[PDB]
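Notes to accompany the following structure.
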Amino acid sequence: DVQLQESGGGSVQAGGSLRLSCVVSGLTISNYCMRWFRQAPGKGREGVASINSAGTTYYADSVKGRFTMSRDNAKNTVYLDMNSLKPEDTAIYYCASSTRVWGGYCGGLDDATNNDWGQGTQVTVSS
Numbered sequence: 058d059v060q061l062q063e064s065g066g067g068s069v070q071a072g073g074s075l076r077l078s079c080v081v082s083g084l085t086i087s088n089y090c091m092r093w094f095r096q097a098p099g100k101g102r103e104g105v106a107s108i109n110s111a112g113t114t115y116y117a118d119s120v121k122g123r124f125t126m127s128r129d130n131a132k133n134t135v136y137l138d139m140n141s142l143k144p145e146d147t148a149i150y151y152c153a154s155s156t157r158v159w160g161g162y163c164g165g166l167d168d169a170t171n172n173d174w175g176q177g178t179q180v181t182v183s184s
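Quick note: the sequence shown uses the working numbering, first residue 58, plus one each step.
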């Protein structure tokens with residue numbers, strides 16, 4: 058039974074940084090593509106970052122450089138470090154594992170199929 062629990066969302070001002078956490082239960086996160094998605098207000102859910110079993114990371118065009126994803130295997134937890142946040146980063150950030158893919162590789166960033174999903178965490182970035 059795969060459970061993902063996000064935390065660390067909050068209000069921050071543009072320029073600032075935040076760190077999100079996603080604690081995973083029922084899977085070893087090293088063996089899967091783990092992912093961050095987000096849904097901005099009124100918008101469809103979008104891919105943000107992902108990390109394959111080799112710990113290689115891929116990032117969406119709009120966040121590359123600024124955002125970084127990593128992994129802590131002893132805690133079975135996945136992080137997103139968001140640096141130089143902008144008003145457009147305001148969204149519910151959701152963590153996911155590509156549970157139903159055989160392989161440790163990642164689908165495309167915007168590939169919301171094959172996943173178990175957490176519940177989301179709110180990030181608000183004021184001007």
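Where a beta carbon is used, it is the ideal one built from N, C-alpha and C, also for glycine.
Inset, instruction - Mind the definition here: the stretch 96 to 111 touches the stretch 70 to 84 only if three or more C-beta pairs lie below 8 Å; say whether that holds. - result: no
Inset, instruction - From the DSSP output, in three-state form, read off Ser155 for me. - result: coil
Legend entry - Residues near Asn133 in its chain [Cβ-Cβ closer than 6 Å; skip 5 each side]: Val81, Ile86
Inset, instruction - Check whether the stretch 140 to 147 touches the stretch 163 to 171, counting contact only when three or more Cβ pairs, one atom from each stretch, lie closer than 8 Å. - result: no
Inset, instruction - Determine the direct distance from the alpha carbon of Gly65 to that of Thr181, and round the result to whole angstroms. - result: 12 Å
Inset, instruction - For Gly175, count neighbouring C-beta atoms within 10 Å of its own C-beta (all shown protein chains included) and say buried if the count is 16 or more, exposed if not. - result: buried
Inset, instruction - Compute the Euclidean distance between the alpha carbons of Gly160 and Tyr89, then round it to the nearest angstrom. - result: 7 Å
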